[PDB]
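Below is one structure, written out as structure tokens, with a few remarks after it.
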Amino acid sequence: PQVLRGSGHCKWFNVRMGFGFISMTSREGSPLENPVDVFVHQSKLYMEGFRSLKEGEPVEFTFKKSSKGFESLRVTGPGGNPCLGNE
């Protein structure tokens with residue numbers, strides 16, 4: 001599938017279940033009128049420690065369109081920094 005680019009913030013993250021939602025607020029640098037949910041699995045998070053997202057943390061990511069809607073491929077913090085997480 002076409003790799004897509006966006007940015008936004010962590011909407012929520014279920015640490016135990018290993019997944020969450022990103023609220024995507026920009027696509028390819030263009031702000032959205034209507035932010036949209038993007039699924040994110042813990043395995044896609046760029047960071048060295050225990051992998052999760054903190055609610056509200058700003059993210060940049062690649063994603064794809066699947067039969068379920070939008071799903072993350074790789075997620076970082078701003079400027080390609082590691083995600084913050086909850087630790």
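Chain lettering (A, B, ...) mirrors the order of the structure tokens, residue numbering begins at 1 for each chain separately, and ligand numbering begins at 1 in order of display.
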- Item | Residues near residue 71 in chain A, cut-off 10 Å, only C-alpha atoms, skip fewer than 2 positions along chain, as number ranges by chain | A: 4, 21-22, 37-41, 44, 62-69, 73-74
- Item | strand (DSSP E) per DSSP on the backbone: members of chain A, as a ChimeraX atom specification | /A:4-14,19-27,30-41,58-66,69-76
- Task: Have a look at CA of residue 7 in chain A and CA of residue 83 in chain A and let me know their distance in Å, one decimal.
- Result: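 If I compute the distance from CA of residue 7 in chain A to CA of residue 83 in chain A, I get 12.7 Å.
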- Task: Skip residue 12 in chain A itself and residues of its chain fewer than 3 positions away, then list as a ChimeraX atom specification all residues within 9 Å of it, counting only C-alpha atoms.
- Result: /A:19-23,53-56
- Item | All residues 9 Å or closer to residue 59 in chain A, only C-alpha atoms, same chain fewer than 4 positions away omitted, as a PyMOL selection string | chain A and resi 6-10+22+24+75-80+83
Kindly save the residues from that selection, with C-alpha atoms included, as a tab-separated table (two decimals), in the first residue's frame.
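As written to disk, part.tsv reads:
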chain	number	residue	atom	x	y	z
A	6	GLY	CA	0.92	12.71	8.90
A	7	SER	CA	1.29	14.26	12.30
A	8	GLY	CA	-0.89	14.69	15.34
A	9	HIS	CA	-0.97	13.67	18.97
A	10	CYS	CA	-1.71	10.59	21.02
A	22	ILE	CA	-3.39	8.89	17.28
A	24	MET	CA	-4.13	12.93	13.12
A	75	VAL	CA	5.72	6.65	14.81
A	76	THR	CA	8.17	9.18	16.23
A	77	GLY	CA	8.06	12.34	18.25
A	78	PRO	CA	8.59	15.77	16.70
A	79	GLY	CA	11.61	16.14	14.47
A	80	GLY	CA	12.12	12.37	14.34
A	83	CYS	CA	8.45	8.98	21.37
Skip residue 26 in chain A itself and residues of its chain fewer than 4 positions away, then list as an mmCIF file with N, CA and C atoms, in the first residue's frame all residues within 10 Å of it, counting only C-alpha atoms.
data_model
loop_
_atom_site.group_PDB
_atom_site.id
_atom_site.type_symbol
_atom_site.label_atom_id
_atom_site.label_comp_id
_atom_site.auth_asym_id
_atom_site.auth_seq_id
_atom_site.Cartn_x
_atom_site.Cartn_y
_atom_site.Cartn_z
ATOM 1 N N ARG A 5 1.901 10.051 5.057
ATOM 2 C CA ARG A 5 2.590 10.801 6.100
ATOM 3 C C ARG A 5 1.621 11.716 6.829
ATOM 4 N N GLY A 6 1.714 11.777 8.143
ATOM 5 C CA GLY A 6 0.920 12.707 8.905
ATOM 6 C C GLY A 6 1.555 13.053 10.220
ATOM 7 N N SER A 7 0.865 13.916 10.949
ATOM 8 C CA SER A 7 1.292 14.263 12.297
ATOM 9 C C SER A 7 0.051 14.512 13.142
ATOM 10 N N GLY A 8 0.230 14.528 14.447
ATOM 11 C CA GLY A 8 -0.886 14.692 15.338
ATOM 12 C C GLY A 8 -0.436 14.497 16.758
ATOM 13 N N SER A 30 -0.307 19.533 5.714
ATOM 14 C CA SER A 30 -1.526 20.316 5.577
ATOM 15 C C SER A 30 -2.471 20.065 6.725
ATOM 16 N N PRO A 31 -2.848 21.122 7.478
ATOM 17 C CA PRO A 31 -3.729 20.864 8.617
ATOM 18 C C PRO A 31 -5.101 20.423 8.178
ATOM 19 N N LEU A 32 -5.663 19.510 8.941
ATOM 20 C CA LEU A 32 -7.011 19.003 8.702
ATOM 21 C C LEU A 32 -8.062 19.828 9.441
ATOM 22 N N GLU A 33 -9.183 20.061 8.783
ATOM 23 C CA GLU A 33 -10.329 20.683 9.415
ATOM 24 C C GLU A 33 -10.901 19.769 10.462
ATOM 25 N N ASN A 34 -10.903 18.471 10.141
ATOM 26 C CA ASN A 34 -11.518 17.415 10.915
ATOM 27 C C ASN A 34 -10.453 16.353 11.194
ATOM 28 N N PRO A 35 -9.846 16.417 12.377
ATOM 29 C CA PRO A 35 -8.918 15.317 12.768
ATOM 30 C C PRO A 35 -9.533 13.940 12.783
ATOM 31 N N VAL A 36 -8.689 12.953 12.526
ATOM 32 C CA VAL A 36 -9.148 11.620 12.313
ATOM 33 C C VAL A 36 -8.277 10.623 13.066
ATOM 34 N N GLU A 60 4.796 12.272 14.852
ATOM 35 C CA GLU A 60 4.933 12.276 13.395
ATOM 36 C C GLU A 60 4.937 10.825 12.975
#
- One decimal, Å: what's the distance from CA of residue 50 in chain A over to CA of residue 3 in chain A, could you say? 25.9 Å
